[PDB]
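This document contains two forms of one protein chain, each encoded as structure tokens and listed individually as structure 1 and structure 2.
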Structure 1
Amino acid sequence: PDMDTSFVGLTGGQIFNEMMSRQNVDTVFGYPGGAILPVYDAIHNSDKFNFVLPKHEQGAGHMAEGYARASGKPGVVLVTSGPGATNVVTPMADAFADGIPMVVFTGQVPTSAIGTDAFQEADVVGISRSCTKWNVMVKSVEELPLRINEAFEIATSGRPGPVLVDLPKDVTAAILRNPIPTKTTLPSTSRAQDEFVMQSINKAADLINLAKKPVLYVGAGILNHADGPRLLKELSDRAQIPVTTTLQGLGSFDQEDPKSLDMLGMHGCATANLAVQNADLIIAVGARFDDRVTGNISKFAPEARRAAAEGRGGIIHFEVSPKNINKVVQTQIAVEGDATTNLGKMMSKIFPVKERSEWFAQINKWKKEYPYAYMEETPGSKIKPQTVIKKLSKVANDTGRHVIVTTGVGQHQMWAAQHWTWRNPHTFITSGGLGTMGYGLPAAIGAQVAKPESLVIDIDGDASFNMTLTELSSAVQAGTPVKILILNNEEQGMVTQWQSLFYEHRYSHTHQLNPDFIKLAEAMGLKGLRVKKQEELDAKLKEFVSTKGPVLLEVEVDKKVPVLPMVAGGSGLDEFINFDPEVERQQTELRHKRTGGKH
């Protein structure tokens, strides 16, 4: 084994510093602690990268995710042992669900104290086993470079995800006394395989060229390659195929394009859902058929399954991970690998399509029939959440700046998804798989660090905001001019919505006492704005976006407004609840009675 002596003499901590440089890391989010001190002393005043300090490790994790989402690079986290480590479990679980590249370094007690119920000791490798693509505890400093390189490679390959490297204090404080393999200190296809993939591509092209009512079901995977959107559009334009995206796919397709069906799924656009239930061929690109998208699985894509049975269609799946191939529904053709790459190889085999009048006409009728309708403002009423999104979307867009939107979890999140006009990739950063409330703020901060020149807006919910509102000061300390928008309905919207629907309006502990958000913002060091009256919304939104420096804008919005359309329970994607002003008014009455006038 060829040896390297360049790290000989350095401490684990110093080697760590050098590896961050070699891994092209320009930002690290962390919080110091005793066990990890050897590494902190090493990166003290280091100019190899910028360090962002949160008030809580969970903040660090979510900042790393936001950063990764906006930059495309893996988010690096550096925390101490014990509580410092357990505090980043949620962010890891979150990054694991949404496939976000993240390398988490957790300090650990000295190897000689491990297993002795030592001070601030935790079985981090054990705890994080199920919420990381891979993890490891570095046994010796000689092993450090290697592990760091494996971590970054695993985190950024296949389906991106989080990895954890446990760093024992004695290992990071130790000095390298031995030369180590040159390989282990440097970063980073079968002919029959590529032969097999080309075969898959040909079969997929054959099916596409045969389809009469095709639909592109696009997900996050298309955004893991710079040319993803470009090729997706080319395919769409070439074969005249309408496109629908998941929550994590928004931004990949231009919603201004006539062929846009918008988001599909539980709270998706009726047109998109209808298109999916009636299509003879579903081309899934970088999407995992999760349960918030498929509706009742036995009712999913009936027309596509029928087409399959008749051998004239079905489902094509461009998936990068074998774990998600044929996991939820049986597919006819599975094109393994990087979606974008395979779309590029397949293009030339796709026959150019002149038009699909029938199909598009049907889709257009649904578009006229099922828009994202809702109860708009009326004289004297409170501001409507949906209206805020629509307006902010325009104001933000009219600035001509690059816009990135992050959100919390709940109704506001769904309305942001539905009513915002998505056009640019890597501009919507939201927690979908795990759905972590409190993701909004810290994610926005990370995103702003990744894209300093972008207008980063966090469309949050009051309950979600409370979870991590302490990072508000971090935004100030980090110099991230994030714009925090709070759609305040003084309730846990998404939950109350379910309680309204399935629990006869019995709201069990789903209404919390909020602090004065404006005074809070002021106390934290930001500008604070509030809006109650419809008349002032436009002015405030403009001041909000225009303000230089971090700013928080609270918008008092109407309460108990349900998010629609809605497919839940055993309903098929085409069996959605539609908005009805008459029914809303009826439900309202029924609510006041059932809650004894409480809500």
Structure 2
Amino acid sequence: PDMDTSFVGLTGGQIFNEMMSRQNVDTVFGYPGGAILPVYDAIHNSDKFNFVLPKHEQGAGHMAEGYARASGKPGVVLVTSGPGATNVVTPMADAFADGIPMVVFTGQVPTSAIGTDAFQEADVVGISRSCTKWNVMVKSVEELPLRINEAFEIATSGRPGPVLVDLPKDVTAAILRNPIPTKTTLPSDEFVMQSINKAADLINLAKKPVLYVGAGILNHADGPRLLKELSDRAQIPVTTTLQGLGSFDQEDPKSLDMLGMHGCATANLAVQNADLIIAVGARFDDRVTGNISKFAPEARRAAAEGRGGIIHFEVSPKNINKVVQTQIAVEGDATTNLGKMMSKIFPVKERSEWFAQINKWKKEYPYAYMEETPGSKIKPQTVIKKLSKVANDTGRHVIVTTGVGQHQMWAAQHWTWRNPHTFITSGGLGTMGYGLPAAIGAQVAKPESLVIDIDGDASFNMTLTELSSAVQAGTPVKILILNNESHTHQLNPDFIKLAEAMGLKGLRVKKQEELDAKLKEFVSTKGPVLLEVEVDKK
């Protein structure tokens, strides 16, 4: 039993700080309260941590999500007992649905008061069970480093996700009197190898392969690089899921852009005509596949003839052969396994016919929307198209968050995606209000990046109180509101006056001819800014 005395004499609060440092955390999103005070005071008073304060705990959660997606690091959330904890249920479920690394620390009533219906107090472990990968209540200060290390390890491994650590006030305020095992203080087969070889064989055999890439490739820093490398080496066209946008440069000649029900027809056609589908960190969602029996007939036929089919690089065993029957499953981290596979891949000089057919499709079936005519209302797709161009022309690194609704899909389709970790949107849970706090967190993660929230009026209304949080945090986020307003009529506030009340510059566009100028002013504006564009209804 190798024992450690280095935390003896410290409070749980300081121990928490040290553990945060060991986990390479320098940013925490949260909101104070009595039960979490011993930890909050330690974090708040240390210049080693940027503590970001929202107006509502839900904001803290969504900020952490945006931070995680932008940085690849886990988002750390620190809230109090009862309502503090219940206010982060939505962001936890959101992170759980989208596979986002998040560690949620919740203050709790003292261990002596558990289950007496004390002031605040909630069965947070019970509430959050189905919306976390794992949760726990820390029972003693001795146990605090162990649970923190476990939480972070679980949150950042397999498919990433939210974990919750319940922290009773008496535990965090207590001083460690006893040495603890050294291990608890430190942060954290040939079938797989056979599968990698076989997948290399199939790829080398394929005449019309397609790479089908999702969010999983983003869960490792080297993911997109190895994806690009495999695509170049074997000359394989690449299509992405909505959550995979950014993982592959859409200006690359081999990009098929987005796959699925709302994707480019060329991408869909490529997939239906491929003899091999190489699925990398993707879930085979029905919005991507459509009717599963009609999906990838050329791949099915190739599998039946033993010359192709489907390869699935998937980290979770439970997702293997859950939707589609695969010929080869490569279990584990996609990036890691792509790296091991690379040297076994035959360098292909060209696939002239395959790319010729693809490029013909690109001519025949581009995206199409009822474009603007003189004197007509502005089309939301046009705003997004123009803004993408304007944003790129800045030469800056650009990150995009969205709310939930038609604008979300339009952003996915009509924006030109070039860099990884630049599309931050609520896909699995579809949480309205996501855009603004996610942008703030993303901006904190990437202070030099231009961060744009493409939002709808209804979604924006959900969390608009966080506008003041953006000013306070010094995050110069660019908020875009595409305002499209029997039916359901919601009374909107004056968004420009609202922004001004919150401390931001506010801009508005009603007519087609003032759009280009305002878009330039919007992006060029220093500090946070809201631009409302009055827009045509679908």
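All residue numbers here follow the sequence of structure 1, with the first residue given the number 1. Think of the rigid core as the biggest set of C-alphas that the two forms share within 1.5 Å after superposition.
Per-residue Cα shift between the two structures after core alignment stays below 2 Å for all of 543, 26, 536, 41 except 41. Core superposition gives residue 81 a CA displacement of 1.3 Å between the two structures. Comparing between the two structures on a rigid core frame, one finds that residue 475 has its C-alpha moved by 0.6 Å.
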